[PDB]
Number of protein chains: 2
Amino acid sequence: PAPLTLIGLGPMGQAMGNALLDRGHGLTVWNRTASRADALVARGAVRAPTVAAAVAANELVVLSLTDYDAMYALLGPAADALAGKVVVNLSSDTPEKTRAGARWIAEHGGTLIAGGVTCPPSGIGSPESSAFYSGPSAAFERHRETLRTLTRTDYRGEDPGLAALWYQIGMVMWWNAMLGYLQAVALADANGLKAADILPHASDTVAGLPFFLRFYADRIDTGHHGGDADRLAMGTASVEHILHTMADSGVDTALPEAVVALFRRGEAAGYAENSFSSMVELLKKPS
Amino acid sequence: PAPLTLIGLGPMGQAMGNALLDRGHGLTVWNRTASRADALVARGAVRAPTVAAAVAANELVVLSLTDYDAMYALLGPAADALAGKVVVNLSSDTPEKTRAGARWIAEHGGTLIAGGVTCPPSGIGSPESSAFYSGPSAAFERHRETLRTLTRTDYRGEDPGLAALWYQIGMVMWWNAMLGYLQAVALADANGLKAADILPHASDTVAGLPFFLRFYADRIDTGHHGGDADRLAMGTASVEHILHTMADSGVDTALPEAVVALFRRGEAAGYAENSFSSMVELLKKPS
Ligand SMILES: NC(=O)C1=CN([C@@H]2O[C@H](COP(=O)(O)OP(=O)(O)OC[C@H]3O[C@@H](n4cnc5c(N)ncnc54)[C@H](OP(=O)(O)O)[C@@H]3O)[C@@H](O)[C@H]2O)C=CC1
Ligand SMILES: NC(=O)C1=CN([C@@H]2O[C@H](COP(=O)(O)OP(=O)(O)OC[C@H]3O[C@@H](n4cnc5c(N)ncnc54)[C@H](OP(=O)(O)O)[C@@H]3O)[C@@H](O)[C@H]2O)C=CC1
Ligand SMILES: Fc1ccc(F)c(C2=NCCC2)c1
């Protein structure tokens with residue numbers, strides 16, 4: 001296993017360093033809050049005295065930060081020592097800001113590989129976990145084996161915005177579902193039910209979603225938005241029932257209103273008798 | 001096999017009447033649009049000439065209509081024939097609208113059992129299908145074997161609104177995730193990707209949800225919103241990345257703005273360093 005530097009020891013960076021040490025990588029770590037490296041150092045990781053010494057320790061520099069602005073904040077001061085470094089940035093951001101980070105790293109002699117990890121910290125090091133990757137192909141292939149300690153690698157192409165784009169595509173569904181979980185837990189709590197009580201039914205419900213994803217994928221892709229499978233107005237009534245159920249129980253209705261508002265836009269566009277999938281045509285229009 | 005009356009012959013009512021005839025129940029049917037009964041009548045079902053005749057024909061009256069307002073419009077003129085009847089209303093509506101329906105049936109001498117069927121019409125009669133049930137237990141247990149012809153019976157309690165409550169709790173996450181899928185498709189299409197291209201990742205994202213449902217269940221229930229797995233402020237950045245990725249790609253931001261606003265309410269209320277799950281405290285009914 002090759003040596004490498006890991007900068008950023010939040011929940012994902014910690015899980016990353018432990019998986020790299022489990023594999024035997026010679027690991028050099030640095031974190032703004034130095035306290036968070038103590039456990040990794042006790043396992044054998046090398047604590048870098050500064051962020052510049054961390055970058056200087058290895059060719060491979062893995063970042064796990066909040067966004068790409070944090071990369072400039074951490075790497076900016078010693079940016080003149082980034083020449084010849086491979087920076088694998090595993091931080092979420094937009095495709096545009098991901099490309100800007102790649103341009104900035106190139107200006108200073110390094111090369112950036114963009115990554116999007118699709119697993120929680122407990123999934124790091126597990127072969128069922130995956131991460132999108134995009135950036136220079138030669139630099140990626142050269143360090144793929146090291147990156148495969150963390151997750152399976154899904155290389156998407158040269159453009160760094162690709163891995164970020166694929167990450168956001170899955171994350172918009174993920175956050176939508178998880179906030180709906182909190183909304184369902186909030187409704188349950190208003191009626192004397194715990195998250196543990198609704199957990200089996202909530203799990204059963206989302207576990208059946210892939211069949212609907214497959215059913216509607218090919219319908220959306222051929223432009224088949226006919227109301228033969230479902231009628232949008234019937235979905236409006238369904239989401240109106242959710243909203244008013246929430247309101248009757250005194251639970252917040254900000255997100256249920258937003259969902260109802262989109263169905264109302266669907267009906268305002270004349271899609272009442274078409275499938276609810278027709279709202280993808282509204283969602284494609286800007287603003 | 002006990003005889004019963006079925007009113008409401010949409011796709012759900014059709015599958016129900018067929019399942020009842022399959023098992024051998026004597027079936028009296030009525031629908032506002034009489035021609036919808038043609039196939040069931042040719043199978044052996046008895047066509048009632050009027051809704052009043054339908055209600056008078058049997059003690060058990062199963063309803064598969066749009067909502068509870070449709071029950072008042074339909075059963076109103078016949079409200080006197082309701083004395084001694086057990087009305088099993090399988091129409092989806094809010095818990096409060098269901099409870100008002102149960103009081104209105106009681107005012108006219110009947111008893112309402114509320115059902116929440118969690119399967120499409122093709123699931124009616126199949127062994128793994130299920131439906132929540134609520135209402136007076138004795139009247140339910142007297143007709144439980146007949147109802148078990150349609151789905152598994154999941155009795156939830158005496159309060160008539162409980163079946164609707166459990167139905168709405170599951171639908172919250174379903175519509176949130178499916179609308180998030182449409183958002184992901186729109187973003188994908190704006191960047192040259194079809195729904196078929198993102199279907200595997202969207203299925204992986206959805207299928208991994210039960211892990212997070214179980215992970216945050218007891219943490220929410222015990223009030224443990226520690227940031228050991230995630231910080232809310234990191235989630236705020238993540239959903240802002242989605243929002244601005246949508247804007248950068250010229251697609252709609254209505255739902256992403258609503259998601260960002262909730263995270264910012266979490267930060268505004270002092271939860272920036274807690275898990276994102278702590279936003280359930282903002283969604284919960286007051287005091
Ligand atoms: N948490 C999860 O389950 C998942 C998150 N991700 C993504 O992975 C990334 C890592 O997130 P996560 O591990 O949760 O942790 P956080 O984003 O909460 O923090 C990660 C690290 O960023 C550092 N940091 C943030 N801002 C600055 C700054 N201005 N200057 C210096 N250091 C800074 C923190 O330093 P310090 O320790 O000093 O605070 C910390 O070590 C995010 O972009 C996230 O979207 C992807 C997969 C899943
Ligand atoms: N996938 C599904 O279909 C599922 C449906 N459900 C719930 O089951 C219920 C019925 O389902 P489904 O058959 O699909 O619904 P439909 O809306 O297709 O059927 C509505 C039925 O109610 C009748 N009706 C509506 N309004 C009135 C009125 N004002 N007066 C008299 N009759 C009226 C219609 O009669 P007419 O024929 O004359 O129009 C028809 O028989 C709904 O509440 C639905 O949400 C539950 C889960 C799954
Ligand atoms: F921002 C967050 C917060 C909590 C999380 F579990 C995540 C994850 N990304 C992929 C699923 C886990 C991201």
Side-chain angles (χ1 to χ4, degrees), chain A residues 11 66-67 92-94 96 120-121 165 168-177 180-191 194-196 198-199 201-203 205-206 209-210 213 217 220-221 238-239 241-242 244-245 248-252 254-255 258-259 262 279-280 283-286, chain B residues 92-96 165 168-177 179-189 191 194-196 198-199 201-203 205-207 209-210 212-213 217 220-221 229-230 234 237-239 241-242 244-245 248 250-252 254-255 258-259 262 279-280 283-285:
Chain A
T66 304
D67 54 11
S92 174
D93 219 312
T94 69
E96 278 297 282
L165 167 66
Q168 305 317 326
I169 277 170
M171 268 332 268
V172 67
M173 294 175 56
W174 196 88
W175 279 121
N176 262 31
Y181 182 46
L182 304 191
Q183 191 84 39
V185 170
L187 177 56
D189 166 83
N191 292 270
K194 311 287 94 143
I198 68 164
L199 177 57
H201 182 51
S203 295
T205 297
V206 303
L209 283 164
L213 300 186
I220 292 165
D221 274 338
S238 168
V239 302
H241 295 161
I242 293 153
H244 285 273
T245 295
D248 292 349
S249 283
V251 164
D252 192 78
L255 261 300
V259 161
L262 180 68
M279 300 206 265
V280 83
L283 292 174
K284 278 190 232 235
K285 302 159 145 213
Chain B
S92 276
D93 213 331
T94 77
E96 274 311 313
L165 176 68
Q168 299 306 321
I169 282 170
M171 277 336 290
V172 166
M173 330 188 42
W174 198 93
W175 279 117
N176 261 29
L179 293 185
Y181 182 56
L182 297 192
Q183 303 173 243
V185 165
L187 172 60
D189 186 67
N191 291 277
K194 305 288 201 106
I198 73 156
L199 173 68
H201 180 50
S203 302
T205 302
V206 152
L209 287 175
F212 297 98
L213 304 195
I220 289 168
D221 282 343
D230 73 280
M234 177 274 305
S238 172
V239 297
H241 301 154
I242 293 160
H244 294 108
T245 303
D248 283 358
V251 300
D252 187 75
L255 255 331
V259 170
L262 182 60
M279 283 189 281
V280 73
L283 297 178
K284 274 172 192 186
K285 171 199 206 186

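Each chain gets a letter, A, B and so on, in the order its sequence line appears, and its residues count up from 1.
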- Task: Evaluate the side chain to side chain contact (heavy atoms under 4.5 Å, CB included) criterion for residues B/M173 and A/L209: first the C-alpha distance (whole Å), next the side-chain angles of each, then the deciding distance (0.1 Å), finally the verdict.
- Result: CA-CA 10 Å; B/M173 330 188 42; A/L209 283 164; over 6 Å; no

- Task: Go through the structure and list residues passing ring pair (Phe, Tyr, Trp, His ring centres under 6.0 Å) with B/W174, not counting sequence neighbours.
- Result: A/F212

- Message: Please rank A/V239, A/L187, A/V206, A/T66 by heavy-atom pairs under 4.5 Å with chain B and give me the top one.
- Response: A/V206

- Message: Only pairs of heavy atoms separated by less than 4.5 Å count here; which of A/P121, A/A254, A/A190, A/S203 has the most with chain B?
- Response: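 Among A/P121, A/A254, A/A190, A/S203, the one with the most close pairs to chain B is A/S203.
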
Against chain A, work out which of [options] has the most heavy-atom pairs shorter than 4.5 Å and name it.
options                : result
B/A258, B/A237, B/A202 : B/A202
B/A207, B/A188, B/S238 : B/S238
B/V185, B/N191, B/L199 : B/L199
B/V251, B/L179, B/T205 : B/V251

For the residue pair [X] and [Y], what are the closest heavy atoms and their distance?
X      : Y      : value
B/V280 : A/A186 : CG2-N, 4.0 Å
A/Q168 : B/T245 : CG-OG1, 3.6 Å
A/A195 : B/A217 : CB-O, 3.7 Å

- Could you give the distance from CD (B/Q183) to CE (A/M279), rounded to the nearest 0.5 Å? 10.0 Å

- To the nearest 0.5 Å, atom CD1 of B/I242 lies from atom CD1 of A/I169 at 11.0 Å

Is [X] in contact with chain A via its backbone, its side chain, both, or neither, using a 4.5 Å heavy-atom distance?
X      : value
B/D221 : side chain
B/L262 : side chain
B/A196 : both

Go through the atoms of [X] and report whether side chain, backbone, both or neither lie under 4.5 Å from a heavy atom of chain B.
X      : result
A/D189 : side chain
A/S249 : backbone
A/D248 : side chain
A/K285 : backbone

- Message: If we check side-chain contact (heavy atoms from CB on, under 4.5 Å) with A/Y181, which of these qualifies: B/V172, B/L213, B/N176?
- Response: B/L213

- What pairs with A/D252 under salt bridge (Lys or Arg N to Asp or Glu O under 4.0 Å), at least two apart in sequence or on another chain? B/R265

- Task: Please lay out, stage by stage, how A/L182 and B/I220 fare under the test side chain to side chain contact (heavy atoms under 4.5 Å, CB included).
- Result: CA-CA 9 Å; A/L182 304 191; B/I220 289 168; 3.6 Å; yes

- Flag yes if more than 12 heavy atoms outside B/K194 fall under 6.0 Å of its NZ atom; otherwise flag no. no

- Message: Would you say A/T94 and B/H244 are linked by a side-chain donor-acceptor pair, where the criterion is simply a distance under 3.5 Å?
- Response: no

